[PDB]
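1. sequence? don't have it. structure:
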C-alpha cells in the first residue's frame, strides 16, 4: 500500500514510499486516500522534521469510464491529496525515481523541492485521453515552470526527460539514480539541521504569499517572523 | 494584411512584407476579424508567423486621448489572439519588436528561428509597451528580465530569448515552419475538448490564487467528462 | 554611513561600513531610506547604482522582544520598499557577499548584476527565524517557488553563476569588470526616455500584484500619461 | 431593436416591448455597437421601452451555450466599461439577463414598480451573463446567494434596501430623476468623471495598493487636461 | 453532540443544549464528518441550535492553538464549501466560534431574540475560526472592524441592517420560515443551484474576469444536465 | 499645526479651524509625524477642532504625482497605525478630509456632519485614496454615485450607505467617541491590534490567504500573557 520509515539527525527524516511497483506505482483513489492519511491531513507528528517522498521499485515515481458526476469526486480526491502533500508541516523533497506522468507528476509538483534522477521522465498526458490534468496540473505546473512551458506540456501531452525538466525548473536538481536517495537524504539532513520553527514558518509564509500581492505576503512574513521570535529557537 | 491557409491547422500570416510586417491599426483590426472575436470548428491549432521570412513583426505623434484608443486596439487584438479557442503557435521568423513582440507574447507557445530578435524598444522613443508588454513579458520571463528588457529597450537574440523563456524553442531558420507544423500537429492529434478546456483553465487560473484556479480546473474537467472524446 | 556620487544623472549609492562586511543594522537601513527618498525628488538622477563599499561584500542584535522584532521587520520592509519603489531604476551591483538582509536589499532593486565572486543567500533559518525583510516573498517572485523554497529551507549560500542560472541575478561578470558593466547598462537606461522608463517601472511594480486586466489598465494609464509628455513627440523623430 | 436620443445626455432604450424587452442575441449585438463613444455624450441613461419592463427554446448544444454566454459577457462588459457613466433607469421588470444588463451599468435608479431577480435556477442553469459575480459584487455574498438560490422576484424597495438599486422613485417621475442625476454628472468634469470610472472599474479587482497605483495614474492624467487648471 | 433529521431537506442541530450548544473540537469533528462529499437525496441543509435558546454560544501551547485554529478552519470550510445550500437558523446566541460557523453558511435567518458577536478580543485573542475574514466579507470592513475591536454583541435587528443575517423573524416561527425558504430552494434545479454555489464561492476570491470564466464553465456544466430541457 | 491629548486614548486634532481644518502638505506631514505609536496609547481618536469641520491649480503633473503620494502616505500611515482609530466627524468631511476619515477603522459622525468627494467638480478624481477606499467601505454602486456626482451627503444617509458607523448628536459626539474608545481600550491590546493587522491584510487577498494571516496572528496572540490571564 504505502511505506514510511524515519531516521536522520534527531532522526526525524521520514522517507515515504508509494508501494505499487507492479503497476508502476500508479495512483488510484486508494493510494490517494492512504497518502492523505499518511500526511495526516494538514499536520504531522513532532519527531519528523523533513519528508522525502518517492515510489518504490526504482522505476517510476508514480505513473475513468465514469459518471461525469463522479469525476468531480475523483478530482476532489486528487485536489485533497495534492493539498495534503503541499501544505504539510515539514518540508517535502520529491525524489522522482523514473516516470512521473499525470497524477504522479502532479504529486511531484505538490512537494516543496524535487530531486529527480537522470532516468526521470515527467509529463501530463491527460489531454491525450480527452480530459485536462484534473489534480492541479493546470495550475501548479504553471506556477512552477511558467505559463509558456506549462501550456506546451499540457497541450502536447508529451513526456520530457529530467534534463529539460531541470532546464525549465520542474525539478530542482538532477543526479544519477544510484545517488538519488543519497542526495535526497543529504538535502533533507541539511534542512533538518536548521530550526524547524523557522523552516516551517517560512513554509507557511511562502505557501500563503504565493497567492497574494506583495503587501499581503509581507504581512504574512512579518507575522510568522514575530511568531518565530516568540520561540526559543531564535535565542539559542 | 492577411494570409490564411488551413489544411491538416490554419497558418495565419501578417501580409506586409515590404514593411517588415509592421503592426498598425489596420493590421490589428484584420487580425481581430481573423481570430473571430473563437474560430470555426474545423481548425484545431493556429500558427501565427510573418511573411518574407525576415521579420515576424517589427503612426504615433498625436493626441493622448486617441493614444488611449490605439492602446485599446492593441489590447483588443492581443486578447483576441490570446483567448482564441484553438492553441496558438508563434513562429517568430526574425524581428518581433514592440507591438510585434507583444503580439508574439499573446500566443500560447513561441517557436523561434535562430535569426530571431525580440525586444520592446518603446522606451527609446516616448512610451512604455502599450500593447500588453509591461504585463505579458513579466508574466512570461519574470520581473527581473522584464524590467531589464523594458528599461534598456534593447534587442536580444533567439538563444538568450530561449534562455529567459520568452520563446519555448529555437530551431534553424530553414526548418522553423516545419518544426512549428510538427508541434501543431502533435497538438492537433490530441483531444479538441481537452486541449481547449485546459487552455481556458490555464488562461483563467493564471490570474487567481491556487484555490480559485483549482475550481476553474475542476469545472473544465467535469465539462470535458461530459464530452464523448473522454470515453472514446 | 552611506556615500553618494552622481554624474553621467547616474547616481551610485554605496553602503559604507566595511568593518562589519557592510552589515545591515537599523542605522544603515534608515540612511538608505533617507538617501532613496531624496532621489525621488532628485530630477537630475536618471539611474541608481546600489553596491557595497570595497571589493569584498555588497552587504545579530536579537536579544530582543517580539514587539521590537516586529519593529525591526517593519524597518526592513520600509527600506526594501523605498529602494524598490524609488522613481529611478535601480541596478544592484553585488560585489561579493549578499546574505540575509543584504540579499533582500539586492532583491528590492530592479536589476541585479553580480560579480563572479558574489555569493547570495538567506541564512536566516540557521539562527531560528525566517527572512524578515521580504525574502520569503521577493525571492519567490524573482526566482520561482521551487528555488525559493530550496534556498530558504536550506539557508545556504550560492555562487553568482547558479544565481544567474535561477534568475537571482540578471548577469554575472568578473569582479574587476563589475562596476564598469553596471554603469554601462545604467548609461543604456539613462539615454532612454525618463518619462517612459519610470512609467514602465510604475506599471510593472503595480501589475506584478494583480490580474492581467488590472495590469493592462495600469499600463494604458501610464501610456496615456507618457503620451501627454514632450519626450514622446520629441524623440519619435 | 434599440433607440438612441441624445438631447442635452444620451437616453438608450431597448426596443422589444411585445414581450417586455427580453435579451436575445440581436439586441445584445445592437447594444454592443451602440455602446461602441462620441465626445458629445457625457452621461448615458439606459431604460426599457414599454413603461413597465426594463428588460425581462433552449435545449440546444452546450457549445452554442458557451458562445452565447460569451456574447452576454461581451454585451455586459461593453455596457460596464464605457467612457461615460451609465444610469440604469429600471422601469419595471428586470429578471435574468436584463437585470444582469442592469447590474453592468454604473448607477441604477429604479421605479417603484420595478422587480428584479435571477430566475435562471428555476430553468436548470446559473445566471450566465455575469449575475453570479456582479450581483455578489453589488449586494454582497449573502444577498446574492439568497437571490440566486431562490431565483425569486424582489420589489424595488427591497432592492434599495440591499443596495441592488441606488434610489427608488415613482415610475411616472423616474425619467426626470434619472436625467436629474445625469445632468448633475454632466455638469462635472468629463476627464475627472471618466478617469474616476476607469480607476474604480479597475481597482475593484485589485488589492488596495494596486488600486492606489491606478488612482495616482488617473490623477496625473487628469492634471494634464485643461479641465483641471480652469 | 449533533443530530440529523431529513425529510421533504436535512436539518443538522448542535446537540449540546445545556452548554448553550457551545463548540469545542469534538463537535467540530462531528460537524466535519456530518458534512461528509455528500449523498444525492439531500437538497438543502438547515443548521440550527438545539433548544431554541442558542445557535452556538484554551490555556496551552500556541503550537496546539495552531491546531485548534486549523480544526476551526476545517469545520468552517467544510460547512461553507459543501454541496447543498446551507441555511443558518440562529435561534438566539451566536458568539465567537458559533457566529463564525453561522457565517460559514450561505444564508442566515435570525430569530428576533438572536444575538451575534465576536468577543474573542476580551480574552486575548482574535477570532480564530475565520471571523476576521468572513465577517468582513459578509458585512464590510467598517462594521467588521467595529464588532471585532469592541467584541460586543448585537441583536437580530442590527445584525440584519448590517447584513450579518439575511432576515429576522419571531423566534417561535423561526424554523418554519427557515423551512419554507429551504422548500423554495428545493423546488429549484439542484444542478443550477449547486453550480451557482460553486461559482460564487470561487469567484468571491478572484477578479471579475476570472469569476466570469468560472461562471461560464459552470454554465456549460449545467447545460450538461438533463434538467435544462425539463 | 495639529494637537494631541492622551487620557485613559489619545485624541488627535487637526488644528486649523479658521480654514475649516482643510488639508495641505504641511498638515499631512505633521499628521504623518504624529501617527509616527507609543506603548501607552491603546485607541486613537481623530477629529477636527472647532465643532465646525473634521476637515474640509498651479502645480505641474509631476508635483501632482508628489501631492498624491503625500496624500496616499498620510492615509496609509493613519490606516495602518498600531491602535484602532475612531474618526469623530464633527461636521464637514470633503475631499482629502473625507479620504482621511475613510482611512480610520471606525467613523462616528455628528448629526451635522456632511461627507463628500467634490474632486470631480474641479477636473480631477479623488487623489488621496477615495476611488478605492470609498468603494471598499460603501460598495461600488454608492461609491460610483458619490464620485461621479461629487455631491455632499448628510450624516444619516452616510450611515445608511455605511460611510459612517453611527450618527450621534454633535454636542455629544466626542463623548460617544470616547465611550467607544474606552470599550475598545478595555479589551486585549495584543488581540485587538493583531485583529487589526489580520483585517487590514486579508481585505486585499482571497479567503485562504486571509485565513493564513488570521491563524498567524492567532498563534502570535497565544504567546502573549493577555491570552491566558
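-> Cool, the structure landed. Numbers count the residues shown, from 1 in each chain, chains lettered A, B, ... in the order given.
2. Tell me which residues touch the spatially most central residue of chain A, please.
-> By CA atoms, centre = their mean, the mean C-alpha position of chain A lies nearest to residue A:111, the distance being 1.9 Å. Neighbouring residues of residue A:111 by CB atoms under 8 Å, 6 or more residues apart in numbering or on different chains: A:53, A:85-86, A:92-94. (C-beta placed from N, C-alpha, C; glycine too.)
3. Those residues: which ones sit near chain D?
-> Filtering those for neighbours of chain D using CB under 8 Å from any CB of the partner chain leaves an empty set.
4. Just the ones of the residues you listed in strands?
-> A:53, A:92-94 (DSSP state E).
5. Would you format the contacts of residue A:111 as TSV with neighbour count and distance to chain C included?
-> TSV is the format used below for the contacts of residue A:111 (neighbours: other CB atoms under 10 Å in any protein chain shown; distance: CB to the nearest CB, whole Å):
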residue	neighbour count	distance to chain C
A:53	28	14
A:85	24	14
A:86	19	11
A:92	24	10
A:93	27	9
A:94	28	10
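6. Distance to residue A:23 added to those residues, as CSV?
-> Output for those, formatted as CSV (distance: CB to CB, whole Å):
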residue, distance to residue A:23
A:53, 18
A:85, 20
A:86, 24
A:92, 23
A:93, 24
A:94, 20
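7. Going by distance to chain F, which of those residues wins?
-> Using CB to the nearest CB, residue A:86 comes nearest to chain F of the contacts of residue A:111, at 12.0 Å.
8. Can you give me the domain assignment for chain A?
-> Split into domains by curated CATH domains, chain A comes to A:1-194, A:195-236.
9. Comparing the ones you listed, which comes out most buried?
-> When you average the neighbours per residue for each of those (mean count of other CB atoms under 10 Å in any protein chain shown), domain A:195-236 leads with a mean of 24.
10. Select, from the contacts of residue A:111, the two members most distant in space.
-> Based on CB to CB, the longest span within these runs between A:86 and A:93 and measures 13.3 Å.
11. so is residue A:4 in a helix, a strand, or just coil?
-> Secondary structure for residue A:4, judged by DSSP: H, G, I helix; E, B strand; the rest coil, is strand.
12. Please identify the helix or strand for residue A:100.
-> strand A:99-101 (DSSP states H and E).
13. which residues sit against that strand?
-> For strand A:99-101, using CB under 8 Å, 6+ apart, the contacting residues are A:24, A:59-63, A:107-108, A:120-125, A:159.
14. residues touching residue A:120, list them.
-> Residue A:120 neighbours (CB under 8 Å, 6+ apart): A:61, A:96-100, A:161-162, A:165, A:171, A:174.
15. Could you single out the nearest of the ones in strands among the contacts of residue A:111 to residue A:183?
-> residue A:93 (9.1 Å).
16. Please name the residues that touch that closest one.
-> Contacts of residue A:93 (CB under 8 Å, 6+ apart): A:50-53, A:111-115, A:184, A:187-188, A:191.
17. Closest one of these to residue A:44?
-> For these, the nearest to residue A:44 is residue A:51 (7.8 Å; CB to CB).
18. residue ranges of the strands in chain A, please?
-> A:2-6, A:13-18, A:50-55, A:60-62, A:92-96, A:99-101, A:113-117, A:121-123, A:159-161, A:173-175.
19. tell me the phi and psi of the spatially closest residue to residue A:214 that is not a sequence neighbour?
-> What sits nearest to residue A:214 in space, not counting adjacent residues and going by CB to CB, 6 or more residues apart in numbering or on different chains, is residue C:209, at 5.5 Å. Torsion angles at residue C:209 (phi, psi; degrees, to the nearest 10) stand at phi -100, psi 10.
20. how close does residue C:209 get to chain E?
-> 12 Å (CB to the nearest CB, to the nearest Å).
21. if I look at that residue, how far off is chain B?
-> In terms of CB to the nearest CB, residue C:209 sits 11 Å off from chain B.
22. Just list the residues touching residue A:134, thanks.
-> A:71, A:74-75, A:78, A:126, B:217-218, B:221.
23. you'd agree residue A:208 is up against residue A:220?
-> Yes: between residue A:208 and residue A:220 there is a contact at 4.9 Å, judged by CB atoms under 8 Å.
24. What residues does residue A:188 make contact with?
-> Taking CB under 8 Å, 6+ apart, we find residue A:188 in contact with A:8, A:13, A:50-52, A:91, A:93.
25. go with 6 Å
-> A:13, A:50, A:52, A:93 (CB atoms under 6 Å, 6 or more residues apart in numbering or on different chains).
26. tell me which of these is nearest to chain D?
-> residue A:93 (33.0 Å).
27. what sits opposite the closest one in the beta ladder?
-> Beta-bridge pairing of residue A:93 under DSSP bridges involves residue A:52, residue A:113.
28. can you tell me how far residue A:72 sits from chain F?
-> Counting by CB to the nearest CB, the gap from residue A:72 to chain F is 20 Å.
29. Kindly apply the preceding question to residue A:105 instead.
-> Applying CB to the nearest CB to residue A:105 and chain F gives a distance of 23 Å.
30. again, but for residue A:47
-> Counting by CB to the nearest CB, the gap from residue A:47 to chain F is 21 Å.
31. Then residue A:177?
-> With CB to the nearest CB as the criterion, residue A:177 and chain F are 37 Å apart.
32. is it true that that residue touches residue A:115?
-> No: counting by CB atoms under 6 Å, residue A:115 is not a contact partner of residue A:177; they are 11.1 Å apart.
33. In the contacts of strand A:99-101, find the pair that's most separated.
-> A:59 and A:124 (19.5 Å).
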